[PDB]
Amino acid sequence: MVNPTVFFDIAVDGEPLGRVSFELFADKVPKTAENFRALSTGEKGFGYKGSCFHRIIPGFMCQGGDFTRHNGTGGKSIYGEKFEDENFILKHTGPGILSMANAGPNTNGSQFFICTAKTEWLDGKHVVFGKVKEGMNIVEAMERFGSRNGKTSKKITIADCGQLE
């Protein structure tokens, strides 16, 4: 068993920025990791390719994954619209953590956020399931287009994504 690695190529108003790759902890959260892996390959007929990071707050995180509504109100898992909080073994310990956005207990869909800081107040409420393996510097450059209220000044999109390993 090896934990899957997936990648995103980020673009800023259609200009390619670079690739971020993530390790997904399928050994601790198999179902949440599988969901994110299959949405990154697009193998169920829908996913993250072409979607945007609709909310970026400098010093906090970058949120994306709403491929249906593109605004925080949509997205869906590969299991149906939403699924349960698998477990909360892992914590939001530093920059680079990958975690699920939600609207309350057991409302996981497709929306996720990449932490650029330790956010321990979300521990026990958001399921951590991966971490940035390479390209943390692309996440830092992404953060520059965010604002205190979350709106980005440039359109940040996932131009391509897929699984590496």
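All residue numbers are counted from 1 along the displayed sequence.
Across the two stretches, 15-23 and 141-149, the PDB entry reports the greater mean Cα temperature factor for 141-149. For the pair 24-32 and 102-110, the mean Cα B-factor is higher in 24-32. The PDB entry assigns residue 126 a C-alpha temperature factor belonging to the lowest third of its chain's modelled residues. Residue 76 sits in the middle third of its chain by CA B factor, as recorded in the PDB entry. Annotation for residue 63: C-alpha temperature factor in the lowest third relative to the rest of the modelled chain, per the entry.
For residue 49, the recorded CA B-factor ranks within the middle third of the chain. Only modelled residues enter the ranking.
The entry lists a Cα temperature factor for residue 37 that places it in the lowest third of the chain's modelled residues.
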